[PDB]
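Participant: Provided herewith: target-v1.txt, compact mmCIF, C-alpha atoms and all ligand atoms.
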```
# COMPACT_ATOMS: atom_id res chain seq x y z
CA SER R 56 -17.70 12.10 -9.27
CA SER R 57 -14.75 11.84 -6.88
CA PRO R 58 -13.42 8.28 -7.30
CA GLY R 59 -9.78 9.32 -7.75
CA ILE R 60 -9.59 12.55 -5.75
CA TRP R 61 -6.92 12.53 -3.02
CA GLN R 62 -5.53 14.99 -0.47
CA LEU R 63 -1.81 15.03 0.35
CA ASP R 64 -0.15 16.53 3.41
CA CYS R 65 2.65 16.20 5.96
CA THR R 66 2.68 15.78 9.70
CA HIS R 67 5.47 15.37 12.24
CA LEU R 68 6.07 13.24 15.31
CA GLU R 69 9.21 12.28 17.26
CA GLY R 70 11.22 14.44 14.88
CA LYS R 71 10.18 12.40 11.83
CA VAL R 72 7.96 13.19 8.85
CA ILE R 73 4.71 11.34 8.16
CA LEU R 74 3.36 11.64 4.64
CA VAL R 75 -0.41 11.10 4.62
CA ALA R 76 -2.74 10.59 1.66
CA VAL R 77 -6.51 10.87 2.15
CA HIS R 78 -9.16 9.60 -0.24
CA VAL R 79 -11.46 12.56 0.14
CA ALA R 80 -14.82 10.85 -0.39
CA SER R 81 -14.20 7.82 1.86
CA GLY R 82 -11.78 9.08 4.50
CA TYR R 83 -9.43 6.19 3.70
CA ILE R 84 -5.79 6.98 4.44
CA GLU R 85 -2.35 5.68 3.52
CA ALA R 86 0.77 6.97 5.25
CA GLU R 87 4.51 6.39 5.51
CA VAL R 88 7.40 7.72 7.57
CA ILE R 89 10.14 9.11 5.32
CA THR R 93 12.19 15.04 0.06
CA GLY R 94 10.83 14.81 -3.47
CA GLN R 95 12.07 11.33 -4.38
CA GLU R 96 10.25 9.96 -1.33
CA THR R 97 7.01 11.75 -2.20
CA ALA R 98 7.25 10.57 -5.81
CA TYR R 99 7.84 6.97 -4.72
CA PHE R 100 4.87 7.13 -2.33
CA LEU R 101 2.61 8.53 -5.05
CA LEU R 102 3.60 5.91 -7.61
CA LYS R 103 2.95 3.05 -5.17
CA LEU R 104 -0.37 4.62 -4.19
CA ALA R 105 -1.40 5.05 -7.83
CA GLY R 106 -0.65 1.40 -8.63
CA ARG R 107 -3.14 0.35 -5.95
CA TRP R 108 -6.05 2.77 -6.33
CA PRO R 109 -7.48 5.08 -8.98
CA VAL R 110 -5.41 8.23 -8.42
CA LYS R 111 -6.46 10.98 -10.84
CA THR R 112 -6.11 14.22 -8.85
CA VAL R 113 -4.01 14.97 -5.76
CA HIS R 114 -4.54 18.21 -3.84
CA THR R 115 -1.88 19.85 -1.67
CA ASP R 116 -2.19 23.16 0.16
CA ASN R 117 1.38 24.50 -0.13
CA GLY R 118 4.08 24.83 -2.76
CA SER R 119 6.59 22.17 -1.74
CA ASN R 120 5.36 19.53 -4.19
CA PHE R 121 5.39 21.99 -7.12
CA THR R 122 9.20 22.24 -6.90
CA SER R 123 10.14 18.54 -7.00
CA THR R 124 11.25 17.34 -10.42
CA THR R 125 10.79 13.68 -9.46
CA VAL R 126 7.25 14.39 -8.24
CA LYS R 127 6.31 15.89 -11.59
CA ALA R 128 7.97 12.91 -13.27
CA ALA R 129 5.83 10.60 -11.13
CA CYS R 130 2.72 12.65 -11.93
CA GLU R 131 3.36 12.36 -15.67
CA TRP R 132 4.31 8.67 -15.57
CA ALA R 133 1.17 7.63 -13.67
CA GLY R 134 -1.32 10.18 -15.02
CA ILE R 135 -1.85 12.17 -11.81
CA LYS R 136 -2.89 15.81 -12.00
CA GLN R 137 -1.31 17.64 -9.05
CA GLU R 138 -3.48 20.62 -8.12
CA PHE R 139 -3.30 23.30 -5.46
CA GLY R 140 -5.93 23.87 -2.81
CA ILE R 141 -8.97 21.87 -1.74
CA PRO R 142 -11.67 19.63 -3.31
CA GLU R 152 -5.66 18.30 9.77
CA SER R 153 -8.67 16.93 11.57
CA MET R 154 -7.25 13.77 9.97
CA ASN R 155 -3.70 14.34 11.13
CA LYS R 156 -4.91 14.87 14.72
CA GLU R 157 -7.19 12.01 14.40
CA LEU R 158 -4.24 9.96 13.15
CA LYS R 159 -2.02 11.23 15.97
CA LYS R 160 -4.41 10.28 18.78
CA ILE R 161 -4.51 6.66 17.58
CA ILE R 162 -0.74 6.62 17.14
CA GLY R 163 -0.68 7.65 20.79
CA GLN R 164 -3.04 4.85 21.80
CA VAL R 165 -0.69 2.25 20.29
CA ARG R 166 2.79 3.77 20.50
CA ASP R 167 3.85 1.34 23.23
CA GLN R 168 3.00 -1.78 21.19
CA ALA R 169 5.75 -1.15 18.62
CA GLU R 170 9.47 -0.45 18.81
CA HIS R 171 9.52 1.78 15.72
CA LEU R 172 7.36 4.78 14.90
CA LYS R 173 6.88 3.32 11.41
CA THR R 174 5.00 0.46 13.01
CA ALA R 175 2.81 2.57 15.28
CA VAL R 176 1.87 4.77 12.31
CA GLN R 177 0.79 1.72 10.33
CA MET R 178 -1.21 0.29 13.24
CA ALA R 179 -2.93 3.67 13.51
CA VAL R 180 -3.67 3.64 9.78
CA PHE R 181 -5.06 0.10 10.19
CA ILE R 182 -7.41 1.15 12.99
CA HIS R 183 -8.56 4.29 11.18
CA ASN R 184 -9.42 2.43 7.97
CA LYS R 185 -11.03 -0.59 9.66
CA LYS R 186 -12.95 1.10 12.49
CA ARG R 187 -16.61 1.81 12.13
CA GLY R 190 -18.65 4.00 14.41
CA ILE R 191 -20.94 1.04 15.30
CA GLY R 192 -22.74 0.38 12.03
CA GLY R 193 -22.34 1.40 8.43
CA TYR R 194 -18.96 1.15 6.63
CA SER R 195 -15.40 1.80 7.50
CA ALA R 196 -13.26 4.07 5.35
CA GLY R 197 -11.71 0.93 3.90
CA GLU R 198 -15.10 -0.39 2.83
CA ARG R 199 -16.28 2.97 1.50
CA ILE R 200 -13.34 3.48 -0.86
CA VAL R 201 -13.95 -0.01 -2.26
CA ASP R 202 -17.68 0.76 -2.45
CA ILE R 203 -17.04 4.08 -4.21
CA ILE R 204 -14.70 2.44 -6.71
CA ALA R 205 -16.96 -0.58 -7.27
CA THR R 206 -19.94 1.70 -7.88
CA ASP R 207 -17.75 3.50 -10.41
CA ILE R 208 -16.69 0.88 -12.95
CA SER C 57 -11.43 -16.49 -1.16
CA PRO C 58 -12.07 -12.85 -0.23
CA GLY C 59 -9.12 -12.41 2.13
CA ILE C 60 -6.81 -15.12 0.78
CA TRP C 61 -3.26 -14.05 -0.12
CA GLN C 62 0.01 -15.79 -0.95
CA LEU C 63 3.38 -14.31 0.01
CA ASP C 64 6.66 -15.06 -1.75
CA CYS C 65 10.13 -13.64 -2.40
CA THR C 66 11.97 -12.86 -5.62
CA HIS C 67 15.44 -11.49 -6.33
CA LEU C 68 16.91 -8.95 -8.73
CA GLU C 69 20.20 -7.04 -8.82
CA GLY C 70 21.19 -8.56 -5.51
CA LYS C 71 18.04 -7.35 -3.73
CA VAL C 72 15.01 -9.13 -2.26
CA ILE C 73 11.45 -8.28 -3.36
CA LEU C 74 8.56 -9.35 -1.13
CA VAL C 75 5.53 -10.08 -3.32
CA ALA C 76 1.97 -10.46 -2.01
CA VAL C 77 -0.63 -11.85 -4.43
CA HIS C 78 -4.39 -11.73 -3.91
CA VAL C 79 -5.11 -15.17 -5.28
CA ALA C 80 -8.58 -14.66 -6.74
CA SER C 81 -7.76 -11.44 -8.63
CA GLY C 82 -4.05 -11.57 -9.41
CA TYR C 83 -3.61 -8.16 -7.77
CA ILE C 84 -0.14 -7.72 -6.33
CA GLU C 85 1.70 -5.69 -3.70
CA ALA C 86 5.51 -5.67 -3.64
CA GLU C 87 8.43 -3.94 -1.95
CA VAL C 88 12.23 -4.05 -2.13
CA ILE C 89 13.21 -5.25 1.36
CA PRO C 90 16.61 -3.83 2.28
CA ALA C 91 17.22 -6.82 4.53
CA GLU C 92 15.74 -10.15 4.00
CA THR C 93 12.82 -11.20 6.25
CA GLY C 94 11.72 -10.76 9.83
CA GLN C 95 10.65 -7.26 10.78
CA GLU C 96 10.64 -6.33 7.11
CA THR C 97 8.03 -9.00 6.35
CA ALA C 98 6.02 -8.10 9.45
CA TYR C 99 5.89 -4.42 8.47
CA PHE C 100 4.89 -5.28 4.88
CA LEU C 101 2.09 -7.53 6.14
CA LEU C 102 0.74 -4.96 8.59
CA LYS C 103 0.58 -2.30 5.88
CA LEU C 104 -1.15 -4.77 3.54
CA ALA C 105 -3.76 -5.72 6.14
CA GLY C 106 -4.45 -2.04 6.80
CA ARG C 107 -5.44 -1.65 3.15
CA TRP C 108 -7.26 -4.90 2.21
CA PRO C 109 -9.07 -7.86 3.72
CA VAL C 110 -6.18 -10.09 4.80
CA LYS C 111 -7.41 -13.26 6.53
CA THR C 112 -5.12 -16.06 5.33
CA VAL C 113 -1.57 -15.70 3.98
CA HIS C 114 -0.09 -18.76 2.26
CA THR C 115 3.64 -19.46 1.97
CA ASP C 116 5.40 -22.60 0.77
CA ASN C 117 8.60 -22.74 2.83
CA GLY C 118 9.45 -22.46 6.51
CA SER C 119 11.05 -19.03 6.55
CA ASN C 120 8.14 -16.99 7.92
CA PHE C 121 7.34 -19.49 10.69
CA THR C 122 10.65 -18.63 12.40
CA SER C 123 10.07 -14.89 12.95
CA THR C 124 8.64 -13.67 16.24
CA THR C 125 7.82 -10.28 14.68
CA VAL C 126 5.90 -11.92 11.83
CA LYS C 127 4.03 -14.00 14.41
CA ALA C 128 3.27 -10.85 16.43
CA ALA C 129 1.98 -9.08 13.32
CA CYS C 130 -0.24 -12.01 12.30
CA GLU C 131 -1.87 -11.97 15.76
CA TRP C 132 -2.10 -8.17 15.98
CA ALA C 133 -3.92 -7.96 12.63
CA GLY C 134 -5.85 -11.23 12.70
CA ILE C 135 -4.00 -13.02 9.88
CA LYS C 136 -3.71 -16.80 9.77
CA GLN C 137 -0.35 -17.92 8.44
CA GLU C 138 -0.95 -21.16 6.55
CA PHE C 139 1.59 -23.42 4.87
CA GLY C 140 1.14 -24.72 1.36
CA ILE C 141 0.11 -22.92 -1.76
CA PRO C 142 -1.85 -25.35 -4.02
CA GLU C 152 1.39 -18.93 -9.96
CA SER C 153 4.41 -17.96 -12.09
CA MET C 154 3.95 -14.26 -11.55
CA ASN C 155 7.29 -13.43 -10.09
CA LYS C 156 8.04 -14.44 -13.69
CA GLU C 157 5.72 -11.94 -15.25
CA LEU C 158 6.72 -9.18 -12.86
CA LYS C 159 10.35 -9.36 -13.79
CA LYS C 160 9.41 -9.23 -17.39
CA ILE C 161 7.68 -5.90 -16.84
CA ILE C 162 10.48 -4.77 -14.51
CA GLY C 163 12.84 -5.22 -17.45
CA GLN C 164 10.55 -3.31 -19.79
CA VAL C 165 10.85 -0.28 -17.48
CA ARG C 166 14.23 -0.68 -15.80
CA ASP C 167 15.83 2.13 -17.82
CA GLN C 168 13.07 4.54 -16.73
CA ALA C 169 14.11 4.51 -13.05
CA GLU C 170 17.38 5.20 -11.25
CA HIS C 171 16.34 2.84 -8.43
CA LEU C 172 15.25 -0.77 -8.73
CA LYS C 173 12.46 -0.19 -6.23
CA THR C 174 11.01 2.54 -8.43
CA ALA C 175 11.06 0.08 -11.35
CA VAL C 176 9.44 -2.66 -9.24
CA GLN C 177 6.65 -0.25 -8.34
CA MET C 178 6.24 0.68 -12.01
CA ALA C 179 5.91 -3.05 -12.74
CA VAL C 180 3.28 -3.47 -10.02
CA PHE C 181 1.37 -0.50 -11.49
CA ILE C 182 1.35 -2.02 -14.98
CA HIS C 183 0.45 -5.50 -13.75
CA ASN C 184 -2.48 -4.25 -11.69
CA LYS C 185 -3.90 -1.76 -14.20
CA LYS C 186 -3.66 -3.65 -17.50
CA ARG C 187 -6.07 -6.11 -19.12
CA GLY C 192 -9.87 -6.75 -22.56
CA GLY C 193 -12.14 -7.16 -19.52
CA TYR C 194 -11.04 -6.35 -15.99
CA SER C 195 -7.63 -5.62 -14.53
CA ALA C 196 -6.34 -7.26 -11.36
CA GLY C 197 -6.91 -3.94 -9.60
CA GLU C 198 -10.54 -3.78 -10.68
CA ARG C 199 -11.08 -7.43 -9.77
CA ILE C 200 -9.83 -7.22 -6.19
CA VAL C 201 -12.22 -4.29 -5.72
CA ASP C 202 -15.01 -6.11 -7.55
CA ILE C 203 -14.42 -9.22 -5.43
CA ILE C 204 -14.42 -7.19 -2.21
CA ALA C 205 -17.47 -5.06 -3.06
CA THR C 206 -19.40 -8.12 -4.22
CA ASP C 207 -18.59 -9.51 -0.77
CA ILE C 208 -19.45 -6.70 1.67
CA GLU C 209 -22.87 -6.94 -0.03
CA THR C 210 -22.89 -10.71 0.47
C1 LIG Z 1 3.42 -6.26 15.76
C2 LIG Z 1 4.28 -5.69 14.62
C3 LIG Z 1 3.75 -5.58 13.33
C4 LIG Z 1 4.52 -5.06 12.28
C5 LIG Z 1 5.83 -4.65 12.56
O1 LIG Z 1 6.73 -4.14 11.72
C6 LIG Z 1 7.85 -3.88 12.35
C7 LIG Z 1 9.09 -3.27 11.66
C8 LIG Z 1 10.05 -2.80 11.08
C9 LIG Z 1 11.32 -2.28 10.36
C10 LIG Z 1 12.50 -3.01 10.56
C11 LIG Z 1 13.69 -2.63 9.96
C12 LIG Z 1 13.75 -1.50 9.15
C13 LIG Z 1 12.60 -0.74 8.92
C14 LIG Z 1 12.70 0.52 8.00
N1 LIG Z 1 13.93 0.63 7.17
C15 LIG Z 1 13.69 0.08 5.82
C16 LIG Z 1 14.48 0.68 4.63
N2 LIG Z 1 14.48 2.17 4.64
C17 LIG Z 1 15.10 2.80 3.39
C18 LIG Z 1 14.14 3.72 2.58
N3 LIG Z 1 14.63 4.25 1.23
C19 LIG Z 1 13.69 4.99 0.26
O2 LIG Z 1 12.56 5.13 0.58
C20 LIG Z 1 14.14 5.55 -1.11
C21 LIG Z 1 15.49 5.74 -1.30
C22 LIG Z 1 15.96 6.24 -2.51
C23 LIG Z 1 15.09 6.55 -3.54
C24 LIG Z 1 13.73 6.37 -3.39
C25 LIG Z 1 12.87 6.76 -4.59
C26 LIG Z 1 12.30 7.03 -5.57
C27 LIG Z 1 11.54 7.30 -6.83
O3 LIG Z 1 10.22 7.07 -6.92
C28 LIG Z 1 9.87 7.42 -8.14
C29 LIG Z 1 8.55 7.30 -8.56
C30 LIG Z 1 8.38 7.72 -9.91
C31 LIG Z 1 9.47 8.19 -10.71
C32 LIG Z 1 9.17 8.64 -12.21
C33 LIG Z 1 10.80 8.27 -10.20
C34 LIG Z 1 10.86 7.84 -8.87
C35 LIG Z 1 12.07 7.81 -8.09
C36 LIG Z 1 13.50 8.22 -8.55
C37 LIG Z 1 14.06 7.12 -9.56
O4 LIG Z 1 14.17 5.94 -9.15
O5 LIG Z 1 14.38 7.42 -10.77
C38 LIG Z 1 13.25 5.86 -2.16
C39 LIG Z 1 15.13 2.56 5.90
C40 LIG Z 1 14.37 2.06 7.15
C41 LIG Z 1 11.38 -1.13 9.53
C42 LIG Z 1 7.71 -4.25 13.72
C43 LIG Z 1 8.72 -4.15 14.89
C44 LIG Z 1 8.28 -3.04 15.85
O6 LIG Z 1 8.30 -1.85 15.45
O7 LIG Z 1 7.89 -3.30 17.02
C45 LIG Z 1 6.35 -4.76 13.81
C46 LIG Z 1 5.59 -5.27 14.88
```
Hey, can you dump this file as structure tokens for me?
Ligand SMILES: Cc1ccc2oc(C#Cc3cccc(CN4CCN(CCNC(=O)c5cccc(C#Cc6oc7ccc(C)cc7c6CC(=O)O)c5)CC4)c3)c(CC(=O)O)c2c1

Facilitator:
Amino acid sequence: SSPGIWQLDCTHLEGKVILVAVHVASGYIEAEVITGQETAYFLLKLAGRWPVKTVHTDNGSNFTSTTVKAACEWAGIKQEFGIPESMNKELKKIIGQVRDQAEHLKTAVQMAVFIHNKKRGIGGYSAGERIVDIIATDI
Amino acid sequence: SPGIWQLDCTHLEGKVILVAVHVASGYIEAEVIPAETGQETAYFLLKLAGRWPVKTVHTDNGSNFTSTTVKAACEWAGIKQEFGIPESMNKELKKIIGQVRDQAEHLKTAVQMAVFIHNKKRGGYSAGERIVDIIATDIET
């Protein structure tokens, strides 16, 4: 039972910070180029869109943001340390494939997210379909 | 109507709030645009299409037909912009936004709290469960 289990991490590119959330069971990702207020905002707007019940991070930075805890409490997210970067260097390759189609890094990040979530291998389901499948199976 | 959406704008506290509605489910996506249209709308649409099936976006004025960036995003992501929109849920949303406004320093935070409530509440099924139900019923169909 991992419908609402997510992984949260940072990555960096062109001197900017990319927050990345991974739905662990599906591989589905959401990201944004941005501190604690920013992380809390990102988590709230994630949690309004998917079932978000547990978020795992692997360092201490999110345990020291008062707004992040406030977001956790408001939305009912347990923020837990540990495990339930192949994804960040998979996201970075795609960002590289597209970087010249957009003026802003923002945009190239979101095109890369698009491709990651929509792409297949050939057959089966994309990450975007799996997360919907997982959730639909759930209720 | 799996990938059918309608896009509209609302205003609070001197700000603009882009609001995307998945017509069949009532599920909504919103964001406080710092500016007004243009590359803000194109970015919002690209994010949206990276998350959901977005095939047809309906609007009922001419504003989005005059943005080259919006047109570039429609064609990058495979979204047909279509005019006409044949409901009152900017109304609802601001109702919830008022219920929570004192819980957030920033209007955008309070908008996103309103989206949360609208999508999760009921009863039977919430908008958030329906859009998933509708989409999962479809992949297997
Ligand atoms: C083919 C194609 C397709 C798509 C395309 O698209 C584009 C584009 C674009 C673009 C154009 C212009 C501009 C920008 C970015 N612009 C926007 C505003 N940006 C301010 C951020 N500002 C906070 O993020 C912020 C600021 C302050 C506060 C917070 C917060 C919070 C918060 O959250 C909470 C959650 C829960 C709880 C309990 C509390 C909180 C709180 C605290 C509270 O409230 O109590 C957040 C700056 C940058 C982007 C292109 C063109 C291309 O590229 O070729 C393109 C091409």

Participant: Of the residues R:62, R:115, R:123, R:168, which is the one nearest to ligand LIG 1 (chain Z), using only C-alpha atoms and all ligand atoms?

Facilitator: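 Nearest to ligand LIG 1 (chain Z): R:168.
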
Participant: With 6 Å of padding per side, what axis-aligned box (centre and edge lengths, Å, one decimal) covers all the listed atoms of ligand LIG 1 (chain Z)? Give it as AutoDock Vina command-line options.

Facilitator:
```
--center_x 9.7 --center_y 1.2 --center_z 2.4 --size_x 24.5 --size_y 26.9 --size_z 41.2
```

Participant: One number please: CA of residue 136 (chain R) to CA of residue 109 (chain R), in Å, one decimal.

Facilitator: 12.1 Å

Participant: Report as JSON, numbers by chain all protein, DNA and RNA residues lying within 10 Å of residue 134 (chain R), evaluated on only C-alpha atoms, omitting residues in the same chain fewer than 3 positions from it.

Facilitator: {"R": [102, 105, 110, 111, 112, 128, 129, 130, 131, 137]}

Participant: Could I get the residue neighbourhood of ligand LIG 1 (chain Z) at 6 Å, counting only C-alpha atoms and all ligand atoms, as a ChimeraX atom specification?

Facilitator: /R:95-96,98-99,102,125,128-129,132,169-171,174 /C:90,95-96,98-99,102,125,128-129,132,169-171,174

Participant: Which residue out of C:114, C:66, C:177, C:159 has the minimum interatomic distance to residue 85 (chain C) when all atoms listed in the file are used?

Facilitator: C:177

Participant: Residues of chain C within 9 Å of chain R, using all atoms listed in the file, as a PyMOL selection string?

Facilitator: chain C and resi 83-85+99+102-103+105-108+132-133+173-174+177-185+197-198+201-202+204-206+208

Participant: At what distance in Å, to one decimal, does CA of residue 195 (chain C) lie from CA of residue 153 (chain C)?

Facilitator: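 Separating CA of residue 153 (chain C) from CA of residue 195 (chain C) is a distance of 17.4 Å.
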
Participant: Of the candidates R:78, R:67, R:127, R:114, which one gets nearest to residue 158 (chain R) if we count only C-alpha atoms?

Facilitator: R:67

Participant: Smallest atom-to-atom distance to residue 60 (chain C): which of C:138, C:152, C:116, C:87, using only C-alpha atoms?

Facilitator: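 The answer is C:138, which sits nearest to residue 60 (chain C).
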
Participant: CA of residue 141 (chain C) and CA of residue 117 (chain C), how far apart in Å?

Facilitator: 9.7 Å

Participant: Please provide as an MDAnalysis selection string all residues within 12 Å of residue 57 (chain C), with the sequence filter that same-chain residues fewer than 5 positions apart are discarded (counting all atoms listed in the file).

Facilitator: chainID C and resid 62 78:81 109:113 200 203:204 206:207
